[PDB]
Amino acid sequence: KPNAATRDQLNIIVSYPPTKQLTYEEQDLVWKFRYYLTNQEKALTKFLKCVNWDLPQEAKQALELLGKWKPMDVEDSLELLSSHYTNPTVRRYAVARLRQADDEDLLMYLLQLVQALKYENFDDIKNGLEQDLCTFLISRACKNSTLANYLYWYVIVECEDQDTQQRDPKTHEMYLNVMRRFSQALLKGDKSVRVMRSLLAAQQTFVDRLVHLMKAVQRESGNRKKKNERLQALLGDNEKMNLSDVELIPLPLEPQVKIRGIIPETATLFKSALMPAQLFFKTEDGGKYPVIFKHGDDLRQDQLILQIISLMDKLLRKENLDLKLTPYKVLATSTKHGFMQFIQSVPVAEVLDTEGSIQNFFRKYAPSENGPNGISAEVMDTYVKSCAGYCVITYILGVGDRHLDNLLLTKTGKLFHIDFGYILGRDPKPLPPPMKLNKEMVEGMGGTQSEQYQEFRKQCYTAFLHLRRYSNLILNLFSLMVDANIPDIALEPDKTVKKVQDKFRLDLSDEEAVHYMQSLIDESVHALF
Ligand SMILES: C[C@@H]1COCCN1c1cc2n(n1)[C@@H]1CCC[C@@H]1NC2=O
Ligand code: NA
Ligand code: NA
Ligand code: NA
Ligand code: NA
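Residues numbered from 1 in each chain as written, not as in the entry; some residues may be left out. Chains lettered and ligands numbered in written order. Heavy atoms only, no water. Residues with missing side-chain atoms left out of burial classes, pairs and counts.

Structure determination for this PDB entry was carried out by X-ray crystallography, with a resolution of 1.7800 Å recorded in the header.

1. Some thoughts on the state of the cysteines
Every disulfide links exactly two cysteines, by a covalent bond between their sulfur atoms. One pass over the full model with this rule turns up zero disulfides. Free of any disulfide, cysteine 142 has its nearest neighbouring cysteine sulfur in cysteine 134, separated by 11 Å. The class of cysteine 142 is buried, set by a relative accessible area of 19%. (Disulfide = S-S within 2.5 Å. Buried < 20%, exposed > 50% of the residue type's maximum accessible area, 1.4 Å probe, protein only.)

2. Side note on the domain arrangement of the protein
Looking at the assigned domains, one finds that the protein contains domain 1 (2–190), domain 2 (191–344) and domain 3 (345–529). Using C-alpha coordinates to define each centre, domain 1 is positioned 33 Å away from domain 3. Taken together, the two surfaces of domain 1 and domain 3 that pack against each other cover about 1,500 Å², and 61% of this comes from carbon and sulfur. The tally of links between domain 1 and domain 3 comes to four residue pairs in polar contact. Looking at which element gives the most residues to the side of domain 1 that touches domain 3, the answer is helix 6 (residues 103–116), with four residues. In the side of domain 1 that touches domain 3, the residues fall into seven nonpolar, four polar and six charged. (Domains from an automatic or database assignment. Buried area = accessible area lost by both parts, 1.4 Å probe. Polar contact = N/O pair within 3.5 Å; in protein donor to acceptor, adjacent residues only side chain to side chain. Helix = DSSP H or I, 4+ residues; strand = E, 2+ residues; numbered from the N terminus. Nonpolar A, V, L, I, M, F, W, Y, C, P; charged D, E, K, R; others polar.)

3. Focus on helix 5 (residues 88–98)
Looking at helix 5, one finds that the buried residues are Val90, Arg91, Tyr93, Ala94, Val95, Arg97 and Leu98. Packing partners of the buried residues in helix 5 comprise helix 3 (44–49), helix 4 (56–68), helix 6 and helix 8 (133–142). Structurally, the start of helix 5 carries an N-cap: the backbone nitrogen of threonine 89 is 3.0 Å from a side-chain oxygen of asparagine 87. (Contact = heavy atoms within 4.5 Å.)

4. Observations concerning the sheet that holds strand 8 (residues 346–347)
Read from one edge to the other, the open sheet built from three strands follows the order 8-9-10, with strand pairing classed as antiparallel. Of all strands in the sheet, those bounded by a partner on one side alone are strand 8 and strand 10 (415–417). Sheet analysis places strand 8 next to strand 9 (residues 407–409), joined by two bridges and oriented antiparallel. The residue bridging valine 346 from the neighbouring strand is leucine 409, located in strand 9. Lying over the sheet, helix 18 (residues 377–396) contacts strand 9 and strand 10, oriented at roughly 20° with respect to strand 10. (Pairing = 2+ DSSP bridges. Axes fitted to C-alpha atoms, helices over the stretch in contact; angles between N-to-C directions.)

Structure, rendered in structure tokens:
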């Protein structure tokens, strides 16, 4: 029906990022050829964006075409749950597509889907005390204990958000109703589901006791040594505090791991202003699981970034690219406390203080006579890959405040980033560079003169092209976060998705994007020396 020139225009429009606004002329064109476009699943979101949903006759025809359209890919349906859509049939269609996702994929989107409840019908959620989003999420949680664990903690954090309670009371009451609905469904279910309900309650009381313990340690006004002694003494009094030995419960941070308590003798406070605790949990497997427990601290921005880093890692692995990344787990248990999975590591700043160079560090703990610069080839391969992964990922996410205390290294060669208080282009100092590499980091692989430097560049190109291909998904997930209580998002909600979108350079072809990434890396490295 449309000629070659029109098809080229339509294909450009269909390729747009999910939050790019269509012009009036593009809306006219998509509508004109709506019947031709029903055979392209990628065109459906563009068509739905061109409908005037406030005109009953047009909404009706649009819903007729929706039923005849080649169904969109499951992950594309996240766009239909954003704030743009109030039409109930559109939003139920999105849930119907999401019902086809497996539990592993749904978990990767769950943080954002909980935010998307803000765009649902609050009366329907309350009156539940065909599937809408609330009903769907609860239904899937009732069948999967991992989903139930994260749904519980994600929602309870929303219930405790005093900002929401003060500034958006109806939204706060909705989340209360979601929790009530969730508890309703769990109690109504069979034995395995009612057991799940009791285990969530047990986790909550454990966290409550841990919070009370942290406060007791901080009413102390002794030095750090005295506070470590207080922390260990309180943890050791199980009759008083009940944290050294408890009946088995899922670890909120990673519920597949059941824990029996916390080891009292090895608990210490970090030497930092907020004095978070390092705690070793006794696992059911008879092992130990170290965490950081932060108290008096909002972990939600870190929680989001580590969730997105975990997604990006899984997407790269899906494309058979394992860049040896460290997406450590982060879970907020309230707006003021939460857990982080502790990875044995050393900050690069400490490596330079004690060994002088990343290379000296690798030569000490991973020597190899015939290896690159006397270092194990496997360790160097792991180093190059992880540098590349984090270079591309922190560039896309605009991570700031990149000093050598936030760059961590393992003896197996993994480099990874921590502490994501500055994202989306924010930085303590002005005019941060678009790509934040460290001189010590290039030096760690042998300098620009090493063959490792070209291996690093090559892995950046590959990772960048792979993540570009999932830009629709990544951008849709940020679009669902724009109203969230996340500091660097709430600063400029209407600009948030574009800040990520621009990093993908979707205006460039693959070959042009590789050229651009090459120039960006080289320019950043050149500026360092
Ligand atoms: C848990 C991860 C991964 O394992 C190594 C340690 N990592 C982190 C993360 C943070 N830190 N260390 C520092 C130390 C105390 C708080 C500060 N802030 C962070 O965000
Ligand atoms: Na009402
Ligand atoms: Na410590
Ligand atoms: Na504390
Ligand atoms: Na890991």
